[PDB]
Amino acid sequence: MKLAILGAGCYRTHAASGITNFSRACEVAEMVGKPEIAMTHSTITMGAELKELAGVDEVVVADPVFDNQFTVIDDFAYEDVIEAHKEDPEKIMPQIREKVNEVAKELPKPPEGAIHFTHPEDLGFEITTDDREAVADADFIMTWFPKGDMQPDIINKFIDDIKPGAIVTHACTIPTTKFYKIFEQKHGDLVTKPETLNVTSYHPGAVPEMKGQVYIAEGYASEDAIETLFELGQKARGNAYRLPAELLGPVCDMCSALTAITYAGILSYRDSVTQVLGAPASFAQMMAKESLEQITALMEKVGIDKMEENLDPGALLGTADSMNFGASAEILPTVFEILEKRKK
């Protein structure tokens, strides 16, 4: 099958963040015996994995940067990188960071400049500057575009060239519904039928060269298209997660912490009620819904910064202690210490 990668990515913000490495990229370099994979990033890593682990035959990358200032940094041997990532990546990440930052001081931002350590040509990818050319006959279009208002402008060029029923994906840079609405603008066209498109995500939830994982939004694509993507993603990325589009943000953005805490709570609370009190799941859910909705309404009513002045965190200490059994016993003692520090 034909995969069109639209957007190669730039390394500058990964380096500037100060906290990323190539753990995943190094990992798959070893898996396939190809050291140059070790220093791929972004969409080039994910393309390497789909070609070399999932068996996707043809891969094109389209980016205007190729014909502009596409810089490959050849300072670091692939093998020294692969090496340091066995023991400790922080032996080598600082200098890589340092070098990228110096080059990024003067280099224009994408699509005028981009920083890479392995050229996608060395990986056996077709490279192109024409989006429209890249998407003709693609079954799987992986978009990786800048955040904000340029995406509709970028997409509207090649949307008519998109093969009917193709899988079309986005990453961290746009929410699914906003990505969908761009295709939805054109629903009614009989010649290519964009209503037949399977719109979803291939969102890494982290820089792809660092963590082997992908997140696949459900709600727009057909079930078949989701299963296929999930299968490819499981083989390519190692860990795949399919989930409602409406939960992609809550799961992947800064609020992931709150979504984790709350979901752990719900599951633990549910199990304590069904296993220990022996009530039906519905009784748990009816209690949980009122509890979730009301704490949420409080926050909205008074402001997240003013909740304590309205609900003393200590209020929960002398009531929740009697729910400290079953699966809730795993989390409640940690919650009591927190509530304890914050009580009036």
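The first residue of the shown sequence is 1; numbering continues from there.
For the two regions 221-229 and 118-126, the entry's Cα B-factors average higher over 118-126. Legend: mean Cα B-factor per stretch from the PDB entry, 231-239 versus 172-180; the higher mean is in 231-239.
Between the residues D271, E246, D253, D88, the entry's highest C-alpha temperature factor is the one at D88. Ranking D305, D57, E309, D63 by Cα temperature factor from the entry places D57 first.
Ranked against the other modelled residues of its chain, the C-alpha B-factor of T319 as given in the entry falls in the lowest third.
When all modelled residues of the chain are sorted by CA temperature factor, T259 is found within the lowest third.
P280: CA B factor lies in the middle third for its chain, per the PDB record. In the deposited entry, the Cα temperature factor of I338 sits in the bottom third of values across the chain's modelled residues. The deposited CA B-factor of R97 belongs to the highest third of values across its chain.
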